[PDB]
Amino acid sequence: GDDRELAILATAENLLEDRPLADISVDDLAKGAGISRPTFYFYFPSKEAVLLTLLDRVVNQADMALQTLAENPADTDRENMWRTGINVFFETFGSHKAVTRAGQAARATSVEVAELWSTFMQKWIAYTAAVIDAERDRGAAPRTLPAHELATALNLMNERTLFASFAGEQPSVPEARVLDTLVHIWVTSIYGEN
């Protein structure tokens, strides 16, 4: 029963590797999950609702990993601190590229998907700004731009850059260079007097 929902989710993630949600049928999902097409509809109203659940699980997985870092002290240099945080997102989204990609596209056509992404981006921006404010408070970083504004542009950069890399977009930073690229830009803009 609960195993049937998990089998629907696992099947959808697998097939999204191969083709867009547009070219996946409910029949495909039902067949991969070992249930009938009418039984599918007991668990989800649509293939679009299945993608929303997949995206929700990934975004929460990233959020929980970030909470684990936040809870620790972690004796570290400032560049390494930011690197480990950025790495949470690079690894979580990069381990679920097909779901990431389909999820980003569905933001244009789905109000629920648009809202889910917006909600977590707001949360992740507020935490970034809180960390920058703390750095400023102990005299480790200079009082330059408004911290929330700085944090917003840095996060939108990470969104656009990570996803362009994962999709093999033209133009993009090579996947093997993206972490180093983002970390340099974060560290210089947060600690730089100019």
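Counting begins at 1, following the sequence as shown.
When the two stretches 183-191 and 2-10 are set side by side, the higher mean Cα temperature factor goes to 2-10. Between 149-157 and 136-144, the higher mean Cα B-factor belongs to 136-144. Highest CA B-factor among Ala126, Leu52, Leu162, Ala70, as stated in the entry: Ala70. Across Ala30, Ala65, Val59, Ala130, the greatest Cα temperature factor reported in the deposited entry is at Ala30. Sort the modelled residues of the chain by CA B factor and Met121 lands in the lowest third.
Compared with the other modelled residues of the chain, the Cα B-factor recorded for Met81 ranks in the middle third. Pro171 sits in the middle third of its chain by CA B factor, as recorded in the PDB entry. Ranked against the other modelled residues of its chain, the C-alpha B-factor of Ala114 as given in the entry falls in the middle third. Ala108 sits in the highest third of its chain by CA B factor, as recorded in the PDB entry.
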